[PDB]
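Heads up: the structure comes next, in structure tokens.
We place every Cβ from the backbone using ideal geometry, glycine too, and count neighbours over all the protein chains shown. No value in this document is a laboratory result; all are computed from the given coordinates.
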Amino acid sequence: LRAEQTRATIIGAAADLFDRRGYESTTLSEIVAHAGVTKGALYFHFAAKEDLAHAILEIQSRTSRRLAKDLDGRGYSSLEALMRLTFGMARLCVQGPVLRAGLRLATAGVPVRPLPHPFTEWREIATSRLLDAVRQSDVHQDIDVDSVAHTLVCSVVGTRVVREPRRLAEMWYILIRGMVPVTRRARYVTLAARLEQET
Amino acid sequence: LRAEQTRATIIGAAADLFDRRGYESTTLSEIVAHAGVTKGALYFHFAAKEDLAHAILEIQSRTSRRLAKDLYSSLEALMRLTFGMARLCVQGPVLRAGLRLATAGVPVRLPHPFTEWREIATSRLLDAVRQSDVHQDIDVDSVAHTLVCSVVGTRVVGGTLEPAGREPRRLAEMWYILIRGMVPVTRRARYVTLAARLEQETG
């Protein structure tokens with residue numbers, strides 16, 4: 001029962017290698033040598049490479065869900081929640097390889113275990129917040145929210161998949177000018193600039 | 001010319017699989033079976049996965065540039081081109097597969113797809129700026145990224161993540177948003193009706 005504390009070290013080590021060098025080419029022996037443990041310590045937590053991949057995707061998904069639920073309980077407008085969620089994820093992503101690895105696993109097409117695809121989950125979240133925002137009169141009624149959610153999810157996720165706070169603020173500036181009624185506009189431009197400054 | 005049809009068929013099957021499942025976890029044996037050919041037939045035309053990837057990148061780059069060459073205000077040209085690209089993404093996996101390949105770190109040489117797409121777009125947007133169709137204060141990089149991301153959506157990491165054929169819809173929506181935000185009020189109307197029109201002529 002000191003073997004239990006090594007799990008997060010192994011995950012971190014795997015996350016770091018998957019992120020930088022990719023899933024396919026990283027071996028269990030590399031991960032174990034990077035983490036400084038035995039092959040037994042790894043097998044104690046993970047039978048195979050795919051289990052580390054699943055573990056990292058689990059975390060990325062929980063993290064997503066927790067941040068989204070928390071930001072929906074703070075009395076914010078639905079559009080402010082969505083905007084804080086994008087900046088909130090980006091902040092966690094530069095702060096830890098586990099989400100970066102999670103994103104790299106998705107780009108490379110490592111199957112997600114039947115857990116939904118992270119990109120489909122994020123599109124659902126954005127879609128639901130965009131519909132709430134339309135109902136709250138913060139986004140024009142004639143806006144196709146589904147199409148925006150797809151674009152947002154692909155955009156937010158970054159050009160590696162095809163500095164962060166600044167980039168994310170420019171994408172929001174564009175969306176705000178184009179889909180937010182002119183009188184609701186300044187508040188959200190101000191918020192975007194504020195979140196960039198804060199992160 | 002049946003050997004050359006075989007090559008094209010192998011290329012098409014690899015692109016379809018890459019688009020649907022990714023480059024890394026797709027094997028040569030899956031591609032041989034999906035192409036209907038023998039293992040010996042595949043190795044006759046390609047030594048390795050990476051040669052199939054190079055062939056795909058070479059095709060998508062040729063196709064893109066052909067559309068660009070066939071062209072209007074700079075803004076209208078850029079808008080016609082995106083719609084032309086969306087149309088390719090509707091009919092085949094080559095362009096998407098091209099992204100999967102770039103994301104996987106396949107070496108190119110020739111530029112990577114997103115690098116070229118951002119150049120063409122930024123260059124057309126900057127010309128739109130001097131033509132007064134676009135405000136000068138736009139961040140062109142973000143605009144270029146926005147346009148690309150409207151076309152692929154979540155399919156950027158899996159062709160099955162979304163049903164094909166909605167590329168034109170998403171792209172048109174993202175032009176409406178862009179136009180509202182960056183085209184001067186005296187000129188918006190013409191570009192809004194042009195975006196709605198290209199969508200009908202495309203989709």
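Please state which one of A:39, A:69 is surrounded by fewer than 17 Cβ atoms within 10 Å (Cβ to Cβ) and closer than 30 Å to residue A:180 by Cα.
On inspection, the qualifying residue turns out to be A:69.
Name the residues in segment B:133-148 that are part of a helix (DSSP H, G or I) and of a type outside the set (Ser, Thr, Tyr), would you? Walk me through it before giving the result.
Residues of segment B:133-148 that are part of a helix (DSSP H, G or I), as a first pass: B:140-148.
Once the filter is applied, which keeps residues that are part of a helix (DSSP H, G or I) and of a type outside the set (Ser, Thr, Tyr), segment B:133-148 yields B:140, B:141, B:143, B:144, B:145, B:147, B:148.
Assigned to a helix (DSSP H, G or I) and either surrounded by 22 or more Cβ atoms within 10 Å (Cβ to Cβ) or within 14 Å of chain B (Cβ to nearest Cβ) (or both): which single residue out of A:102, A:88 fits that description?
A:102
Take the residues in segment B:138-168 that are within 16 Å of the chain's Cα centre (by Cα) and β-branched (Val, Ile, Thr), then tell me which one is farthest from the other protein chains (Cβ to nearest Cβ).
B:151
Looking only at residues that are hydroxyl-bearing (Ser, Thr, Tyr) and under 17 Å from residue B:182 (Cβ atoms) in segment A:169-199, which one is surrounded by the fewest Cβ atoms within 10 Å (Cβ to Cβ)? Can you show your working first?
Kept after step one, since they are hydroxyl-bearing (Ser, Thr, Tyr), are these residues of segment A:169-199: A:173, A:183, A:188, A:190, A:199.
In the following step, the residues that additionally are under 17 Å from residue B:182 (Cβ atoms) were identified as A:173, A:188.
On the way: A:173: 20, A:188: 22.
Once the filter is applied, the top-ranked residue is A:173.
For segment A:169-190, which residues satisfy the criterion of being more than 14 Å from every other protein chain (Cβ to nearest Cβ), closer than 15 Å to residue A:133 by Cα and not basic (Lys, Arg)?
A:183
When you check residue B:50 against the structure, is it surrounded by fewer than 17 Cβ atoms within 10 Å (Cβ to Cβ), part of a helix (DSSP H, G or I), within 14 Å of another protein chain (Cβ to nearest Cβ) and at negative phi, yes or no?
Taking the combined requirement at face value, the residue satisfies it.
Whether any residue in segment B:68-82 is within 14 Å of another protein chain (Cβ to nearest Cβ) and either touching a helix residue (DSSP H, G or I) at 6+ places or on another chain (Cβ under 9 Å) or among the acidic types (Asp, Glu) (or both) is what I want to check.
yes
Among the numbered criteria (1) touching a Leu at 6+ places or on another chain (Cβ under 7 Å); (2) away from chain B (no Cβ under 11 Å); (3) part of a helix (DSSP H, G or I), which one does residue A:119 miss?
(2)
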